[PDB]
2 protein chains.
Amino acid sequence: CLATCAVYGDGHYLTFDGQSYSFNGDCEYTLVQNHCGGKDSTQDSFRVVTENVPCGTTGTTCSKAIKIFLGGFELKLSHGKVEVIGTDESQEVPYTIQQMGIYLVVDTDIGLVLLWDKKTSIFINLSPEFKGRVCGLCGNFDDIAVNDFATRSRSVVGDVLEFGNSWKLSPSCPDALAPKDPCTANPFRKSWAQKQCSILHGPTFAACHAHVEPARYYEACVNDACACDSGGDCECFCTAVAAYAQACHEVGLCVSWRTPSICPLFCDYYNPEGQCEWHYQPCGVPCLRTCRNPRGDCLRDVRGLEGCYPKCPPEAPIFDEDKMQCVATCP
Amino acid sequence: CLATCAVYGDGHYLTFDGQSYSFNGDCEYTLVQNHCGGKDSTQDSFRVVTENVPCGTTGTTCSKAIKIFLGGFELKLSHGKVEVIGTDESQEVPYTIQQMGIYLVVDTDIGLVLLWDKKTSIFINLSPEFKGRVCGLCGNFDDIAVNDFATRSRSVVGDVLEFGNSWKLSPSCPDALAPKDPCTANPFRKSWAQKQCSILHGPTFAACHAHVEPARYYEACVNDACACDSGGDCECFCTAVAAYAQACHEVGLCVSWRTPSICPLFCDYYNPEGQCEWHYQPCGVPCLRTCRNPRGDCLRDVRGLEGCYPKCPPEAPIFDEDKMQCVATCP
Ligand SMILES: [Ca+2]
Ligand SMILES: [Ca+2]
């Protein structure tokens with residue numbers, strides 16, 4: 001299969017091999033890099049970087065915008081939209097923008113796909129052909145967890161703070177420091193945080209409990225809820241729960257955890273007047289007939305997307321994907 | 001028409017005549033009382049009381065449960081459910097429980113109807129025949145705003161704190177004090193609070209701006225968002241916005257303010273598998289054919305309810321109102 005590097009919440013990271021760590025810093029860092037040391041192995045260089053800003057009062061940092069550089073093309077992901085800056089007249093545009101469920105998906109011919117929740121999280125999937133050829137925060141794709149702490153010089157350092165700060169992009173940006181305990185800083189929020197995050201240990205995720213241990217995700221939920229004290233704590237809780245749900249869906253199990261009282265969705269909003277063709281799919285539709293993807297072609301490469309999806313009627317089965325309405329014929 | 005006494009948020013009150021004031025207290029208080037001084041004017045006594053608990057750290061108090069006493073019948077409204085305690089074998093049950101939209105509606109033959117949002121708010125509508133015969137926090141229904149501060153002894157006192165504390169139900173409960181400024185107490189939340197509550201001054205409520213001045217509601221939204229720092233600030237903001245929306249709907253204007261990113265609803269959750277018969281009605285359906293209310297009878301006495309409503313198909317047009325599904329025939 002394809003390994004996944006996941007970044008979400010307040011500095012929560014998961015390497016391709018499987019190593020997990022927490023690191024926060026008000027700077028710009030590189031997640032995945034190509035051709036480390038300038039070794040152009042007959043492949044175009046691709047680089048993914050992230051920008052972190054201090055959110056909250058404890059000192060935690062959360063991702064704000066993501067910049068993608070590949071083949072001379074620069075893309076900006078901020079405020080829930082895509083902005084193109086670096087344009088190359090020659091060659092051909094290698095990225096395709098597609099909105100599926102609640103995630104923004106970008107596909108590249110080189111084999112790199114990214115999933116964006118448009119608020120804080122980001123998921124990276126890499127083709128197996130790039131094994132042992134990438135460097136960055138996600139670590140080398142050598143399937144070895146212990147040696148994922150290379151500090152930009154092919155040297156493993158046990159200090160997670162030093163490893164994280166070695167990949168900073170701005171030389172003038174300040175060095176990171178050891179974070180404090182958000183729950184200790186804000187004791188009065190601990191009860192509400194525990195009550196909200198107890199759903200992870202509830203019967204809803206009983207099936208996924210055996211496959212994936214939720215202790216780390218539960219701790220992340222508690223810490224984020226404790227720290228998300230600057231407004232919109234519901235967003236922090238929903239992002240943590242959605243990250244755990246996506247992790248569960250990656251294995252293959254499907255869980256329908258969303259309720260009208262817990263992180264609700266408004267699929268009916270997109271429904272046109274007098275018609276109802278939108279529903280919430282927890283597993284997600286495998287393949288949908290669109291103008292860009294006809295009925296014959298499905299392209300079910302990525303699985304694990306959730307959100308509102310249009311259920312076109314037997315008449316006009318193909319979805320426009322541009323006007324947000326079922327169309328009889330795609331031009 | 002019928003005057004409305006509205007209680008919502010952190011001690012926000014609106015008298016029947018129109019007087020507005022703010023008062024918070026960790027005690028039990030009587031909203032509307034009947035037969036003041038024991039004057040049984042050939043009418044059964046009805047009494048509505050509320051219980052307030054300290055929510056947050058600033059010191060603000062919000063309603064938790066509501067108890068209704070009338071004709072020897074006692075009802076409890078807590079945890080989003082109705083519990084019956086006082087049961088009278090003789091006579092007949094005078095209250096009917098009906099769930100419409102997002103509000104819980106109780107109807108009485110005497111002419112008293114209450115709307116409950118199940119979280120913090122409560123709306124009281126009184127028949128004009130009870131003019132000048134009721135006492136309590138809502139004040140006498142004499143259509144005079146200046147003399148609404150009777151301190152349980154037919155004496156008007158300019159001290160709002162004294163007027164509020166004169167109606168306490170527990171003699172041993174402590175006296176209330178002057179509240180502080182939540183935004184001053186929590187300065188870092190002011191920017192987010194203002195950004196969220198700025199929707200009131202936006203173009204969405206332009207039509208209602210002329211009829212109703214939103215300055216008081218804007219201040220209430222800002223104060224509640226500043227004080228709602230113990231978790232679930234989104235609930236506080238949504239309750240304030242919904243209170244303003246109900247106030248707008250009382251005049252007659254209809255506003256569709258809910259968006260998937262601002263206080264969303266999950267009407268699709270109640271939809272059975274393979275069927276879609278639920279939609280969000282901002283104005284609210286005037287009358288719906290139910291088992292208790294057939295097609296011939298509409299009973300459009302109360303207007304201004306919003307939430308998810310079932311749109312039954314031409315087949316099985318009457319709604320069950322008990323099994324949450326359209327039924328062909330009501331037994
Ligand atoms: Ca490694
Ligand atoms: Ca009066």
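Residues numbered from 1 in each chain as written, not as in the entry; some residues may be left out. Chains lettered and ligands numbered in written order. Heavy atoms only, no water.

> Which parts of the structure should I look at to understand the sheet that holds strand β12 (residues 122–126) of chain B?
Pairing between sheet strands relies on hydrogen bonds along the backbone, with the strands arranged either parallel or antiparallel. All names here are of chain B. Strand order in the open sheet made by the 7 strands is β3-β2-β1-β12-β11-β10-β9, with antiparallel pairing throughout. Among the strands making up the open sheet, the edge pair consists of β3 (20–22) and β9 (95–100). Here the average twist between neighbouring strands, direction ignored, is 15°. As defined by bridge partners, strand β1 (residues 4–8) adjoins β12 across 4 bridges and the pair is classed as antiparallel. Across the sheet, the residue bridging to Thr-4 is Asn-125, located in β12. Packing against the sheet, helix α5 (residues 215–227) makes contact with β1, β2 (12–14) and β3, and its axis sits at approximately 160° to β2. Along the sheet, helix α6 (residues 233–251) makes contact with β1, β10 (103–108), β11 (112–116) and β12, crossing β1 at roughly 170°. (Pairing = 2+ DSSP bridges. Helix = DSSP H or I, 4+ residues; strand = E, 2+ residues; numbered from the N terminus. Axes fitted to C-alpha atoms, helices over the stretch in contact; angles between N-to-C directions. Contact = heavy atoms within 4.5 Å.)

> Whenever I open this one, unusual backbone geometry confuses me. Can you help?
A negative phi holds for most residues other than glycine; trans holds for most peptide bonds. Residues and elements named next belong to chain B. Here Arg-154, not a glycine, exhibits a phi torsion of approximately 60°, which is positive. With respect to the secondary-structure elements, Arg-154 resides in the loop between β13 (134–135) and α1 (160–165). On the basis of relative accessible area, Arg-154 is assigned to the exposed category, the value being 64%. (Buried < 20%, exposed > 50% of the residue type's maximum accessible area, 1.4 Å probe, protein only.)

> Any chance you could explain the coordination of the calcium ion (ligand 1) here in plain terms?
As a benchmark, a tetrahedral metal site with four donors has ideal angles of 109.5 degrees, while an octahedral site with six donors has ideal angles of 90 or 180 degrees. Residues and elements named next belong to chain A. Donor atoms from the polypeptide that coordinate the calcium ion (ligand 1) comprise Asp-17 (OD), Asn-140 (OD1), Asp-142 (OD), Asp-142 (OD), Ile-144 (O), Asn-147 (OD1) and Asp-148 (OD), at 2.3 to 3.1 Å from the metal. Spacing between the donor residues of the calcium ion (ligand 1) along their common chain follows D-x122-N-x1-D-x1-I-x2-N-D. On the criterion of sequence distance, the pair formed by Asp-17 in the loop between β2 (12–14) and β3 (20–22) and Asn-147 in the loop between β13 (134–135) and α1 (160–165) is long-range, its members being 130 residues apart. With a relative accessible area of 23%, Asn-147 lands in the partly exposed category. (Donors = N, O, S within 2.8 Å, 3.2 Å for Na, K, Ca; no water.)

> Help me out: how do you make sense of the side chain of B:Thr50 in this one?
With respect to the element layout, B:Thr50 can be found in strand β5 (residues 46–54). B:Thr50 has contacts with B:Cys27, B:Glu28, B:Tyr29, B:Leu31, B:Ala65 and B:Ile66, leaving out every residue within four places of it along the chain.

> Can you walk me through helix α3 (residues 190–197) of chain B in this structure?
Side chains of residues three or four places apart in an α-helix project in the same direction, reflecting 3.6 residues per turn. Residue and element names in this part refer to chain B. All of the buried residues along α3 are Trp-192, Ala-193 and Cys-197. Along the long axis of α3, the arc covered by the buried residues comes to 120°, so they all point the same way. Exposed and facing more than 90 degrees away from the buried side of α3 are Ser-191 and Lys-195. Check the buried side of α3 and you find it contacts α5 and α6. (Arc of directions from axis to C-beta.)

> Even after reading the chapter, I still don't get the packing of aromatic side chains, so can you show me in this structure?
When we look at a pair of aromatic rings, we describe it by the centre distance and by the angle of the planes. With the rule as written, the count across this model stands at 34 aromatic pairs over all chains. Members of the aromatic cluster, connected to one another through ring pairs, are A:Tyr13, A:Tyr21, A:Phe23, A:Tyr29, A:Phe149 and A:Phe163. In this arrangement the basic side chain of B:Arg47 is found over the ring face of B:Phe69, its NZ or CZ atom lying 4.5 Å from the centre. In this structure, B:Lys131 is placed above the aromatic ring of B:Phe141, and the distance from its NZ or CZ to the ring centre is 5.1 Å. (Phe/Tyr/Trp six-rings, centres within 6.5 Å; stacked < 30°, edge-to-face > 60°. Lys NZ or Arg CZ within 6 Å of the ring centre and 35° of its normal.)

> Can you help me understand the relation of the copies chain A and chain B in this one?
Copies of the same chain, two in number, are related to each other by a rotation about an axis and a translation along it. In screw terms, the move from chain A to chain B is a rotation of 180° and a rise of 0.0 Å along the axis, fitting with an RMSD of 0.0 Å. Taken together, the rotation and translation relating the two chain copies correspond to the operation of a two-fold axis. When C-alpha distances to the rotation axis are compared across chain A, the minimum falls at A:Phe266, with a value of 2.7 Å. Of the residues that chain A buries at the interface, 100% are likewise interface residues in chain B, meaning the two copies contact each other through the same surface. (Least-squares fit on C-alpha atoms.)

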